[PDB]
Amino acid sequence: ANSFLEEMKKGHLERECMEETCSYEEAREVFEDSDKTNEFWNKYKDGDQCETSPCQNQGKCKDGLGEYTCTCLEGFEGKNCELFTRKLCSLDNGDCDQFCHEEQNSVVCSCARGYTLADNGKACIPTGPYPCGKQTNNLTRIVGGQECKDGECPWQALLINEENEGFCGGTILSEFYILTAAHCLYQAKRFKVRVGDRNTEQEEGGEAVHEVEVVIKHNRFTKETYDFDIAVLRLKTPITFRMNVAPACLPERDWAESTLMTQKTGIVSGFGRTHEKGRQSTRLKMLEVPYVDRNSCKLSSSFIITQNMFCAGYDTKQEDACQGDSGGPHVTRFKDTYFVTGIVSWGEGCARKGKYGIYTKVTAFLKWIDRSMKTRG
Amino acid sequence: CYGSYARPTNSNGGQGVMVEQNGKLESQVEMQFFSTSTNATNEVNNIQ
Ligand SMILES: [Ca+2]
Ligand SMILES: [Ca+2]
Ligand SMILES: [Ca+2]
C-alpha cells in the first residue's frame, strides 16, 4: 500500500487501493475527485450495499458508512421505500386549499363558495374575477397600526347613523348580507352601511352607501355579559363587487379548529379609535395581533367567558382593539385566502398591559349565519 | 537553495527581518496550522 515508491510512481487504481486496507485518498488520487471518495471506499472490505436496490417503487440509492439512504419520489418514502404517506391534514395541509378532512386514511379537500375543484386534485380554482378573500417613526396616536392600501382591506364596511358618523364596523360576506355586532343595533335606530370606505372626510368615488332593510339579531343576547354579540344586516340595494369591494369566505368550524386555531397571528381591520377615550380614526386601520391561550384568557378576564369568545392581542405591546371596531372581522391569511375567524366583541381598556381584547368566535355561529342568509333570502 | 545566504539578525542564530514597532522589538512571525486535506474536507470529526 505504502512505500518509498508505492506512493511516488504514477497513481493507478490497478496498484495501490485494492489488496491491503485502502485507508484513504488512494481511491481519490487516481481520479482527482472528492465526489465518490466516501461513496465507494466503504466497498473495499465488506462488499457493496446498493447493488440490491433496496428502494422499490423507482427509488434511488445512496451509500453511507453503515446505513443506506433510499430516495423515493413525491408521495413515496420509506427506509427502503417501504412505508407509505399517511394521508391526514396534520402535515402539508393534505394539499387542500380551504377545507381539509381525514377519513379512512384518505384526504377530502373541499372548497367554499366561488371555487371549484381542480382536476389536479391539489388546487381550488376561483370562478369569479373578484372572489372572496382575495386582494387585487409613527407618532400622534399610531399604536403599531398601518394604513390599508387599495384593495388590501376590501371586506371592511362602516355603519353610519343619521348624522353620518361611523360607530361600528361590518364584514362583507355577500352581495346582500353584512355581518356586524348585535349591540351596535342599540346604538342607532336607523343606519346605513358604506363599503369601500377609505377616509371619512374624503370621497374617492369608490364608496357605496346602502340603507339597511332587514335586521337579524341573536335571540339569546345578554347585555350584562355581551354574549352572543352577532348581527346580520340585509341591505335594500345590492352590493356591486369592484377593486376596493370584495367579499370574505366562510370557513368551517371543524377545519378552523384543526389548523386555524394554531395560527400565530391574525389581522383585524376597522375604523376604531386610536386609543382609549380618543378620537375616531379618519382612515381604515389594520392591526396584527397574536392568539391568546384559553387558560390566560380566563385568568386575565374579570367577567365570564363562554366558548363563543376568545382573547387576542399583545400582553406587553400597546396593540389591541379599541372602541369603534365593534363588528370588525378577524381575518387569517391562509395559503392564498383570508378566512374570517373572529368578530370584535369588547376589551378591558385600550393599549393596557395585561389585558386582551375579547373577540366573538365565528365558528360557533356558522349554522346561525347560514340559516339567517337563507331564511329571508 | 543552492548558493543562498541570509545574514543573521537574532543574536542566537536566527534569520529574520526585524521590523520597527516603536523600536526593533517586533519579530513578525505568524504561526499557521495544517491538517490532512481529506480530513479537512469532511469526516466523522472536526478537522484536526
Ligand atoms: Ca501495489
Ligand atoms: Ca490513488
Ligand atoms: Ca494510491
# chains A, B, ... in the order shown; residues from 1 in each chain; ligands from 1
$ interface_residues --of "chain A" --to "chain B" --cutoff "12 Å" --atoms "only C-alpha atoms" --output "number ranges by chain"
A: 23-29, 32-35, 37-38, 64-65
$ select_by_dssp --residues "chain B" --states "helix (DSSP H, G or I)" --output "number ranges by chain"
B: 37-41
$ residues_near_ligand --ligand "ligand 3" --cutoff "10 Å" --atoms "only C-alpha atoms and all ligand atoms" --output "list in words"
residues 1, 2, 6, 7, 8, 9, 10, 11, 12, 13, 14, 15, 16, 17, 18, 22, 23, 24, 25, 26, 27, 28, 29, 30 and 31 of chain A
$ write_last_selection --atoms "C-alpha atoms" --output "PDB file, in the first residue's frame"
ATOM      1  CA  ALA A   1       0.000   0.000   0.000  1.00  0.00           C
ATOM      2  CA  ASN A   2       2.628   2.492   1.154  1.00  0.00           C
ATOM      3  CA  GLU A   6       4.379   2.774  -3.866  1.00  0.00           C
ATOM      4  CA  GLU A   7       3.266   6.439  -3.444  1.00  0.00           C
ATOM      5  CA  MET A   8       5.979   8.016  -5.646  1.00  0.00           C
ATOM      6  CA  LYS A   9       5.222   6.394  -9.011  1.00  0.00           C
ATOM      7  CA  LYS A  10       2.178   7.002 -11.217  1.00  0.00           C
ATOM      8  CA  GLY A  11      -1.160   6.873  -9.418  1.00  0.00           C
ATOM      9  CA  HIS A  12      -3.128   3.885 -10.723  1.00  0.00           C
ATOM     10  CA  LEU A  13      -6.194   2.184  -9.222  1.00  0.00           C
ATOM     11  CA  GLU A  14      -4.725  -1.071 -10.531  1.00  0.00           C
ATOM     12  CA  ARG A  15      -1.930  -0.678  -7.926  1.00  0.00           C
ATOM     13  CA  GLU A  16      -2.500   0.950  -4.502  1.00  0.00           C
ATOM     14  CA  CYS A  17      -6.163   0.733  -3.374  1.00  0.00           C
ATOM     15  CA  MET A  18      -7.027  -2.937  -3.890  1.00  0.00           C
ATOM     16  CA  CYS A  22      -7.063   1.221   1.175  1.00  0.00           C
ATOM     17  CA  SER A  23      -7.384   3.633   4.075  1.00  0.00           C
ATOM     18  CA  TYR A  24      -7.891   6.881   2.153  1.00  0.00           C
ATOM     19  CA  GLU A  25      -7.039   9.200  -0.818  1.00  0.00           C
ATOM     20  CA  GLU A  26      -5.528   6.373  -2.914  1.00  0.00           C
ATOM     21  CA  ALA A  27      -9.110   6.000  -4.250  1.00  0.00           C
ATOM     22  CA  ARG A  28      -9.196   9.764  -4.772  1.00  0.00           C
ATOM     23  CA  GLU A  29      -5.645  10.232  -6.194  1.00  0.00           C
ATOM     24  CA  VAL A  30      -6.288   8.045  -9.281  1.00  0.00           C
ATOM     25  CA  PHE A  31      -9.229  10.198 -10.343  1.00  0.00           C
TER      26      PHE A  31
END
$ atom_distance --atom1 "CA of residue 199 (chain A)" --atom2 "CA of residue 280 (chain A)"
11.4 Å
